[PDB]
Structure formats: C-alpha cells, structure tokens
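As structure tokens, one chain now follows by itself in the form solved without this ligand.
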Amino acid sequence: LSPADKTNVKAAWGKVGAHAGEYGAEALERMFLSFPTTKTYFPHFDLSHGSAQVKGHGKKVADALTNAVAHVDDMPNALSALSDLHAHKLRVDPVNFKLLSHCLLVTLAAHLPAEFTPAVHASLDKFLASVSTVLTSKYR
C-alpha cells in the first residue's frame, strides 16, 4: 500500500458516507447469490432480498471498513478485535475474503462510476486485500 493508494482510498469511501451501510448490505447479498457455498458461514441467517439481518450486518462490515480507512497506517491493532472473531472463532477461509472484496468492488462500481477509476480500483483492491490479510492472520 502506497500513500498515493491511501489518497485514492480516502477519497473513494469518502463519497459513500451514509450509503456504506446499504452498499455493504448489497455486497453481502451479492456474495450469497454469486457464490452459494459462502452461505454455510451463516447457518441461522435469513439471506433474502431486503432483510434487516443482512442490512444490519452490512452496517457492521461498513463501520469496520470506515475505521480501516481512518486507521490506514495502523490496521492490525485497530481491527484486532475483528481479527480474533474471523480467525479464532469463525475461522473463515481466506478465499471467502477474496469473494466478498470482489462483490464490494462490484457494488462500488455500480453505484459510484465517476469515482471507480482504474487508479481507484487498484488501490481499493489493495486496501480490501490488506484488510482481508489482517482479518485472516490472528490464527494458529
């Protein structure tokens, strides 16, 4: 991650603002539709169109993401509480993090076209991958 990528990421998720909680909800929904095997990680959940469980969890993913962009120079310590849940408790396969980051990138491209430029895209994919790397590292 470069400071040029940091300026691209801050600007991109700076334009999402309040929509992030709904963007994360769409990105979540897209993952279950595109890659059904990911639904095993949600055994009780109701994963249908326009669900408060998906919308509420969408806000959780987006709030963790807004903290990550604000703490871009300190990600393993700021996301430490989440890195323990995803790696020790949930033990999510790192492939699923590539799948959600892809759907998140799809949602950003669909809602923000003037912002989703190849320079922003490359930085966003780098940001999400480093967020994924941090989230799926605290395990042994």
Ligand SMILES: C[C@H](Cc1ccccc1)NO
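The numbering used is simple: start at 1 and walk along the sequence shown.
Below: the form deposited with this ligand bound, not depicted.
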Inset, instruction - Check whether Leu65 has any heavy atom within 4.5 Å of a heavy atom of this ligand in the bound PDB entry, and answer yes or no. - result: yes
Legend entry - Exercise: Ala87 in contact with this ligand in the bound PDB entry, heavy atom 4.5 Å: no
Inset, instruction - Flag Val69 as yes or no: does it have a non-hydrogen atom within 4.5 angstroms of any non-hydrogen atom of this ligand in the bound PDB entry? - result: yes
Inset, instruction - Give, in sequence order, every residue of 103 to 118 that has a heavy atom within 4.5 Å of this ligand in the bound PDB entry, or say none if there are no such residues. - result: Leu104, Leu108
